[PDB]
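Scroll down for the structure; my scribbles are underneath it.
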Amino acid sequence: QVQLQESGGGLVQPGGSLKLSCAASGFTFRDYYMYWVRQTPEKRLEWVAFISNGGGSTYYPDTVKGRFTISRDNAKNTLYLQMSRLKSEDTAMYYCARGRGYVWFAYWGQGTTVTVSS
Amino acid sequence: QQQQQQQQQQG
Amino acid sequence: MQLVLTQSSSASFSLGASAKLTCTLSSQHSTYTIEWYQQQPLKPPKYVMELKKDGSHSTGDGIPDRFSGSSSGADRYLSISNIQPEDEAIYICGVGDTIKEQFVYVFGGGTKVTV
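Residue numbers (PDB author numbering), protein chains in the order written: chain B, 1 to 118; chain E, 1 to 11; chain A, 0 to 114.
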């Protein structure tokens with residue numbers, strides 16, 4: 001059974017930074033593409049990052065490109081999301097996701113909330 | 001129109 | 000034009016009845032395959048199915064067979080035959096486009112289904 005559990009969220013201010021983690025299990029982590037997706041307080045879903053199975057490639061939408069950095073440590077079965085130069089708009093529930101077939105978001109974690117104050 | 005691009009999620 | 004998804008209005012349903020939820024792709028992308036997601040209160044979103052232009056689809060795990068999909072041009076429909084209290088959720092569609100130069104993935108604004 002595939003499981004993903006995020007952590008690292010908390011209260012932060014604009015301009016600050018924090019790093020999120022996703023512990024993965026129930027499957028061979030090094031074989032799948034991983035993603036981060038977030039949900040704003042308004043409940044709108046928004047893709048924020050992609051990283052290939054071996055960490056070779058990464059993609060980001062313009063809203064976070066240049067500020068966020070997705071990475072992974074395959075030996076630790078852990079996905080990460082470094083969030084820098086935080087903005088009020090970064091406030092959201094952050095989900096870690098794995099795909100299946102051609103579907104990007106086949107499996108989701110429980111999420112961790114990042115709250116940007118001020 | 002535009003042709004959609006996809007990828008296999010496992011490799 | 001931009002890749003966008005427009006979802007039908009939110010509505011209420013009566014048990015046993017049948018529901019049809021709509022998600023419209025931008026004309027320039029009417030051939031695209033999309034995904035339906037179901038999110039119940041305080042639960043992570045959940046993968047429901049992948050719906051192609053010819054309407055063919057494959058559902059994810061844990062999805063009752065009373066869930067089906069079909070297409071009509073740019074429209075992509077999520078059909079829920081019969082209905083149960085557990086179907087009460089927000090249904091969101093999404094569409095990916097792995098364009099080498101730059102990946103894209105858009106979600107619709109969701110359709111809240113009450114029962």
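Ideal Cβ positions, reconstructed from N, Cα and C, are used throughout, including at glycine.
- Taking each of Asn-77(B), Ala-49(B), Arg-30(B) in turn and checking the Cα distance to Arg-38(B), the smallest one comes out for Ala-49(B).
- DSSP, read as helix, strand or coil, puts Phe-102(A) in strand.
- Beta-bridge partners assigned by DSSP to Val-116(B): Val-12(B).
- Under the three-state reduction of DSSP output, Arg-85(B) falls in the coil class, being neither helix nor strand.
- With contacts defined as CB atoms closer than 8 Å, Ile-91(A) and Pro-40(A) fail to qualify as a contacting pair.
- With contacts defined by Cβ atoms closer than 8 Å, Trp-104(B) and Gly-95(A) form a contacting pair.
- With respect to the 8 Å criterion, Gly-93(A) and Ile-33(A) are classified as neighbours on the basis of their beta carbons.
- Under DSSP, the beta-bridge partners assigned to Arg-100(B) are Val-103(B).
- As computed with DSSP, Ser-7(B) is found in a beta bridge with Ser-21(B).
- Around the Cβ of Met-83(B), a 10 Å sphere holds 16 or more other Cβ atoms; the residue is buried.
- With 16 or more other CB atoms across the displayed protein chains lying within 10 angstroms of its CB, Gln-9(E) is buried.
- The shortest C-alpha to C-alpha distance from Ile-98(A) to any of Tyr-59(B), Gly-109(B), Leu-81(B) is the one to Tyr-59(B).
- Within chain E, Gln-4 have C-beta atoms less than 7 Å from the C-beta of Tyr-31(A), given in sequence order.
- Taken through DSSP and simplified to helix, strand or coil, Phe-12(A) comes out as coil.
- When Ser-55(A), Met-48(A), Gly-72(A), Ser-7(A) are compared, the shortest CA-CA separation from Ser-26(A) is found for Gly-72(A).
- Comparing alpha carbon positions, the residue from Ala-97(B), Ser-71(B), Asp-90(B), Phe-29(B) closest to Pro-14(B) is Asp-90(B).
- Taking a C-beta cut-off of 7 Å against chain E, the contacting residues of the segment 15–48 of chain B are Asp-31, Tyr-32, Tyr-33, listed in chain order.
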